[PDB]
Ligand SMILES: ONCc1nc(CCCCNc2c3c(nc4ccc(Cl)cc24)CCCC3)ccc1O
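One chain comes next, on its own, written out as structure tokens in the form solved without the named molecule.
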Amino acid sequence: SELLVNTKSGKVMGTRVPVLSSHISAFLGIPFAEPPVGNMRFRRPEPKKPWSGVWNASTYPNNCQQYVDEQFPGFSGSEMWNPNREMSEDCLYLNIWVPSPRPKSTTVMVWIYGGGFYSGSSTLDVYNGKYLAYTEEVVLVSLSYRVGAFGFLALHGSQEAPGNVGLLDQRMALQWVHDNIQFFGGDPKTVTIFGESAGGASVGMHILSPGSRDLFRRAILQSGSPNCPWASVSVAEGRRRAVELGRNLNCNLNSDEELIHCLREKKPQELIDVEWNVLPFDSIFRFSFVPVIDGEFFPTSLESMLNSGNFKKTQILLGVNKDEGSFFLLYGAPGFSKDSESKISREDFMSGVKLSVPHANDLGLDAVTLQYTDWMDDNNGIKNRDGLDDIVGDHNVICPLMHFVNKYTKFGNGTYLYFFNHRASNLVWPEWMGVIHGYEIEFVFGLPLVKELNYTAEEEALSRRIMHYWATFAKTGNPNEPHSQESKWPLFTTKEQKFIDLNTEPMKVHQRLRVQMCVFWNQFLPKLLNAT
């Protein structure tokens, strides 16, 4: 039967799912690791023991334990990102969408969800891989990984809570795909990993980590890069936060053994309730438990690895959205509200700047303020609001990604860069937020092709174009159709640094994406902070 597949770990039975007046096969909730529960909490993952009989892969699995956003109860704009299945530490499963009839050896794409390393689910409606798998005829896989303390609590030196286990969860899933996707009709030698935000940073981390490089062919990074300021911490800071978490739960702190034992006896929600109390600074776009530069998963500092070319050399396709920072300002900066235009006063602008660059001294804060202030009209509420939006997006997403693309392109085999700037016609978030962090995902997954979702005809066309770019890149290492008559997405080169916009208007090629601001964030500010 087309729904029965025998893998190296055992047999699995999928389910036939409808999609755009047709059907395809789906294998949901396939286990790739042993449940990281009890004594296994915080530990590196262990491969799933093979099973006898048939694994029922007809329904989505549980989501990993995580902080749940209740800032806007009932609001679809925020709830669409929350777990839609019951949460459990028993959450290491993957999902596969297979074209029908089953292919023999076709292109494989593996999705890695984002969520700042503190949240995320492979089961969100927005991550339904049936549209992409059906439309582009690729085998689509979505994996899962532990987030928050469960996946990133780090007490370097200890083997019980070494840190980065969430990244190892991802690697184990990639290993499973490498070893078994052939039975689902996928080509293990043509696997593209792609992800957004923390998922994009994760993709870059697998490009960097020697232990992950051999498991995939190409990569796509959406609004995220491994060198982002929020994406990793030092071993010392990771330890400090782990200890502070224990301090928040009245744990014995005399030794790592004592601390970990205490943390392992706590219910999942107990850790989550105090998770945010361990941050250094009053800040936005900063998360408690993230990857740690350990000298193992990451041999040396990310910068030294990027500079020496110590990473997988292949083709990459990546990009950012126009207003990456709006989400974070709305949730934590004074003056911003969901139901108002959020015009910002000069004073709230100052407060926002300090929250946005928590590690900077006063001189550093002055430099940022000067760089983003129009002194001919400094009390303009719209300008201050948009200025802060740019500060957050440039510092946390765009400039780190531009630093990554330029360093990578020197050693890589082909780079394609995009700037997504289309605001969906059916967005429920206010207009001031613009082209929001994460809202290009629905286009990548083809939701606009579903009539009931209320997208325009132009948006369906944009989605089809984007899905074809992504899948063609996954298949050939080039988003462009060999010998087509459509406008070509030029290769990003060290010299020309070209990129294209992604919207419903005719393709336009540009150069040096936000170069002025990124020279500030990537070269000047770091120098200022290190000298003063």
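Position 1 is the first residue in the sequence shown; the rest follow in order. Residues that one form lacks are left out of the comparison. Each form is matched to the other, and the largest set of C-alpha atoms that superpose within 1.5 Å is called the rigid core.
Separately, the form deposited with the named molecule bound exists; it is not shown, and the next lines address it.
K.L.:
Open or blocked: the named molecule, posed as in the deposited bound form, superposed onto this form via site C-alphas, with 3 or more ligand atoms within 2.4 Å of backbone or C-beta counting as blocked?
P.N.:
Transferred pose: open.
K.L.:
Identify, from the list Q159, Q71, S337, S425, the residue with a heavy atom within 4.5 Å of the named molecule in the deposited bound form.
P.N.:
Going through each option in turn, the one that passes is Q71.
K.L.:
Looking at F443, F298, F419, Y118, which has any heavy atom no more than 4.5 Å from the named molecule in the deposited bound form?
P.N.:
None of the others qualify; the residue that does is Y118.
K.L.:
Can you confirm whether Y67, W276 and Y331, the three residues that make up this candidate site, all sit within 4.5 Å of the named molecule in the deposited bound form, judged by heavy atoms?
P.N.:
Answer is yes for this spot.
K.L.:
Would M305 count as touching the named molecule in the deposited bound form under a 4.5 Å heavy atom rule?
P.N.:
No - in the deposited bound form, heavy atoms of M305 and the named molecule never come within 4.5 Å of each other.
K.L.:
Taking heavy atoms and a 4.5 Å cut-off, does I391 contact the named molecule in the deposited bound form?
P.N.:
Output for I391 is no: heavy atoms all beyond 4.5 Å of the named molecule.
K.L.:
My question is simply whether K130 lines the interface with the named molecule in the deposited bound form - judged by any non-hydrogen atom within 4.5 Å.
P.N.:
Contact with the named molecule, no.
K.L.:
Even though the partner isn't displayed, in the deposited bound form is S283 close enough to the named molecule, meaning a heavy atom within 4.5 Å?
P.N.:
Yes, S283 lies within 4.5 Å of the named molecule in the deposited bound form.
K.L.:
Looking at 345 to 353, 283 to 291, 208 to 216, 186 to 194, which lies within 4.5 angstroms of the named molecule in the deposited bound form, counting heavy atoms?
P.N.:
Stretch with heavy atoms near the partner: 283 to 291.
K.L.:
So which segments really shift between the shown form and the other one, if a segment has to be 3 or more residues long and each C-alpha must move 2 Å or more after the rigid core fit?
P.N.:
That run whose C-alphas all shift by 2 Å or more is 281 to 285, the only one.
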